Amino acid sequence: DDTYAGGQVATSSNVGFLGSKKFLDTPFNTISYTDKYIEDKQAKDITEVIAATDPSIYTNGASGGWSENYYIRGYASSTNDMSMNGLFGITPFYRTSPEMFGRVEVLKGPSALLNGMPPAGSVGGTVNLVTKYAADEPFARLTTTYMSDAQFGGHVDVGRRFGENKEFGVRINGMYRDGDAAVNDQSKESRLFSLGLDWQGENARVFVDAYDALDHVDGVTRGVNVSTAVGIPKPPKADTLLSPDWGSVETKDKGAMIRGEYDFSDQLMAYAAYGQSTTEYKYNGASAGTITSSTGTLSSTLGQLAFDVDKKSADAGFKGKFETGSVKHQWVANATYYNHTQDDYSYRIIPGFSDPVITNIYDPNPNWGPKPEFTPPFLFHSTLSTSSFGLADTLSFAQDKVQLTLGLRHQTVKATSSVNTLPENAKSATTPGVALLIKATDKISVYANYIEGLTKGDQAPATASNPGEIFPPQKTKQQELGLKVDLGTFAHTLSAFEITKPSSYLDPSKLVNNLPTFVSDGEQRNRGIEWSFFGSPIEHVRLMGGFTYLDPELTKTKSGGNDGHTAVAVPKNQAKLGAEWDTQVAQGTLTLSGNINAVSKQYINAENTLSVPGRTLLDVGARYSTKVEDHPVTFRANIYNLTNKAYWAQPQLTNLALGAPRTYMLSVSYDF
């Protein structure tokens with residue numbers, strides 16, 4: 001079995017191009033969630049999977065935003081930067097419904113050695129989505145879903161293997177759901193069709209995945225801005241929508257990939273992966289609300305955006321083992337390629353609709369005005385290309401009890417834009433990694449790593465002493481020290497880390513030829529301690545979660561103005577706890593569940609003069625699983641934000657947004 005006691009977490013995960021590694025063999029803080037856990041949470045997106053019990057992950061928790069939004073180790077981790085089966089550029093751009101995945105894997109911290117630079121250059125962590133393939137036994141499950149107030153849905157999952165040796169597999173997933181959600185005047189529509197094909201040969205293997213997805217929100221949440229002069233007013237009740245009720249966002253995503261492996265011997269393997277995807281995004285609504293008085297007056301400017309992006313992606317390489325003296329080597333060498341082309345259509349100012357719409361956030365009957373026709377004109381075409389070449393070796397001493405991993409990767413990046421007159425060139429950087437793992441016993445591992453993340457370099461403006469200079473890719477740097485303990489059915493991780501991340505800015509205090517200079521002297525430093533755990537500490541009980549302390553400090557900022565201040569948006573303290581308790585009832589198993597998610601305050605600006613308080617959220621759940629004439633049936637009921645706590649937290653692009661209100665979810669599932 002791959003799965004740990006309880007069924008919710010897997011025992012191994014993909015560690016970029018080092019491939020599959022077990023929990024106690026992995027000198028990084030990783031976790032992998034099963035499809036069972038996904039169905040048990042009734043998760044509708046990736047955030048609801050990876051944020052529920054992990055204290056190193058934070059979301060502002062808004063309902064029906066234009067994308068998912070989460071941080072890992074106190075840094076942004078962009079939805080653009082998820083991998084599928086280890087390959088970037090395939091998954092949906094902004095929001096991914098998790099019906100098509102057998103695992104959701106999280107690797108905490110930056111990982112450029114392992115993965116290369118993902119398209120948006122975030123460095124918080126890597127989320128890897130592993131698709132489903134057909135199990136040996138024919139399989140068909142139908143599930144009907146409900147989410148308050150009036151969203152109804154279904155999901156069908158069928159699988160079957162063919163050939164004399166079941167060497168071919170086919171796995172199909174289909175999902176649709178539609179209707180009013182828990183926020184007033186907001187509705188959500190989701191559609192997925194997916195396909196997982198595989199062929200197992202004697203010396204060779206091929207895996208194909210393709211999918212078609214739709215995500216649509218009417219009454220999309222955009223959030224709102226505040227100033228120090230006016231203040232942050234008390235949050236309205238939690239089901240309030242503070243963006244136009246006619247506003248909407250729609251993302252269509254299509255993707256396909258193929259992987260191939262060829263075993264030359266038991267010591268040498270080649271592999272290749274190729275994929276492509278398409279994203280069509282449209283948005284019509286507020287570009288931002290602004291709170292203009294302490295009585296709750298709100299001023300919302302309107303904007304429109306569409307973009308189309310075509311992506312291509314590849315990763316090919318060789319893996320091998322050999323021995324020298326009493327040292328075992330496991331090596332890999334790979335090359336990656338990513339390219340996208342993009343068209344952007346946009347109104348900054350919409351004709352007829354440049355006067356902002358004036359409301360009050362506490363109003364039960366806001367007048368949002370008419371809905372402008374959607375006609376954004378073409379603005380610019382843009383491209384992004386990346387490529388990389390990586391080498392690594394894992395050396396093992398003393399019967400596999402000491403493992404030293406060394407490697408490096410060369411990374412190249414180039415961006416173009418059809419409205420940029422400044423020069424456009426590729427830039428490169430070399431990023432090393434080293435990680436040490438010691439097995440004290442066969443139940444206890446201690447580990448340390450140094451590893452980097454990469455972000456494309458900014459370009460100096462025409463106003464600067466160094467006008468049009470393009471910086472090389474910028475290096476985020478992690479040191480980590482950790483301890484892992486597997487007691488058998490229950491496991492612990494304790495880790496400490498320090499991660500520095502640079503930023504770049506125009507600096508009026510460093511004059512060259514009497515002009516401001518563009519520099520990469522900016523720095524944020526996140527130090528943290530994480531204690532987390534999972535599994536079944538007693539019979540019939542499951543328990544997952546942990547506690548983190550995080551110190552996310554702006555150590556160097558423009559002019560020194562904000563030196564020593566705390567980073568925006570993320571909390572310093574998190575405690576999360578998910579529990580499940582099983583009990584035999586009639587002809588089936590009843591499970592009760594509860595979650596608590598407690599966080600401390602967050603700063604809203606880098607001056608640290610505005611903040612929002614901490615908050616504690618509770619969720620409860622019941623689940624009944626039985627057979628009806630010998631067919632497995634599972635009934636599920638959940639309530640999220642049970643106390644209907646109203647809270648502000650920080651999303652992308654704007655200062656504040658309301659967290660999701662109390663939400664009920666029901667589902668029933670039936671195996672044929």
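Both backbone and side-chain heavy atoms feed into the values below; hydrogens, waters and symmetry mates do not. Numbers here simply count residues along the sequence, with the first being 1.
By the 4.0 Å N-to-carboxylate-O rule, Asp212 lies too far from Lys252 to be salt-bridged with it. Taking a cutoff of 4.0 Å between a charged side-chain nitrogen and a carboxylate oxygen, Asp521 and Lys510 qualify as a salt bridge. Using a cut-off of 4.0 Å between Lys/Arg side-chain N and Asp/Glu carboxylate O, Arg73 and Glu480 are scored as salt-bridged. Salt bridge absent: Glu250 and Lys282 never bring a charged side-chain N and a carboxylate O closer than 4.0 Å. The pair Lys108-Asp54 meets the salt-bridge criterion, since a charged nitrogen lies less than 4.0 angstrom from a carboxylate oxygen. In summary, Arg525 and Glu553 engage in a salt bridge, as defined by a charged side-chain N under 4.0 Å from a carboxylate O.
With a 4.5 Å cut-off on side-chain heavy atoms, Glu607 and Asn562 count as touching. For the pair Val434 and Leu436, the minimum side-chain heavy-atom distance is 4.5 Å or more. Considering only heavy atoms from C-beta on, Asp315 stays 4.5 Å or farther from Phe88 through its side chain.
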Exercise. Hey, mind stepping through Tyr347 and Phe353 against ring pair (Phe, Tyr, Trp, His ring centres under 6.0 Å) and telling me if it holds?
Worked result: CA-CA 10 Å; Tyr347 283 127; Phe353 292 88; 9.8 Å; no

Exercise. Run the salt bridge (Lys or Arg N to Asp or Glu O under 4.0 Å) check on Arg527 and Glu498 step by step: do they pass?
Worked result: CA-CA 4 Å; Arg527 290 175 170 150; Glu498 181 182 281; 3.0 Å; yes

For this session: Could you give me the CA-CA distance, side-chain angles and deciding distance for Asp253 and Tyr211, then say whether side-chain contact (heavy atoms from CB on, under 4.5 Å) is met?
Result: CA-CA 8 Å; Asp253 291 275; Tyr211 79 84; 3.8 Å; yes

For this session: Give the C-alpha distance, both sets of side-chain angles, the deciding distance and a yes or no for ring pair (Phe, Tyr, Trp, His ring centres under 6.0 Å) between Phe307 and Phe93.
Result: CA-CA 11 Å; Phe307 64 83; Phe93 204 74; 5.4 Å; yes

For this session: Decide side-chain contact (heavy atoms from CB on, under 4.5 Å) for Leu305 and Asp344; before the verdict, give the C-alpha distance in whole Å, the side-chain angles of both, and the deciding distance to 0.1 Å.
Result: CA-CA 7 Å; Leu305 175 59; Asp344 275 59; 4.2 Å; yes

For this session: Show the numbers, then the answer: is there a ring pair (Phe, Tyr, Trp, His ring centres under 6.0 Å) between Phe322 and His329?
Result: CA-CA 5 Å; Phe322 59 93; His329 296 257; 4.5 Å; yes

For this session: Show your working on ring pair (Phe, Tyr, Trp, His ring centres under 6.0 Å) between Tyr94 and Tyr281 and close with a plain yes or no.
Result: CA-CA 9 Å; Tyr94 280 147; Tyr281 178 86; 5.2 Å; yes

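Taking every heavy atom of both residues into account, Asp81 and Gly121 meet most closely at OD2-N, 3.5 Å.
Judged by a 6.0 Å distance limit and a 45° cone about the ring axis, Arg205 is not positioned over the six-membered ring of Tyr262. Stacking of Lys312 on the aromatic ring of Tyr338 is not recorded, the 6.0 Å distance cut-off and the 45° axial limit not both being met.
The closest side-chain donor-acceptor pair between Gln479 and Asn449, if any, does not fall under 3.5 angstrom.
A side-chain contact (heavy atoms from CB on, under 4.5 Å) with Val106 is found for one member of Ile57, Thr126, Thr30 and no other, namely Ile57.
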For residues 377-386, run the donor-acceptor check on the side chains, cut-off 3.5 Å, and write out each pair with its distance to 0.1 Å, sequence neighbours left out.
residue, atom, partner, partner atom, Å
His381, ND1, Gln342, O, 3.3
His381, ND1, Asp343, OD1, 2.8
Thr383, OG1, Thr416, OG1, 2.5
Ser385, OG, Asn339, ND2, 3.1

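For the atom pair CD1 of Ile451 and CG of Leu113, the computed distance is 5.0 Å after rounding to the nearest 0.5 Å.
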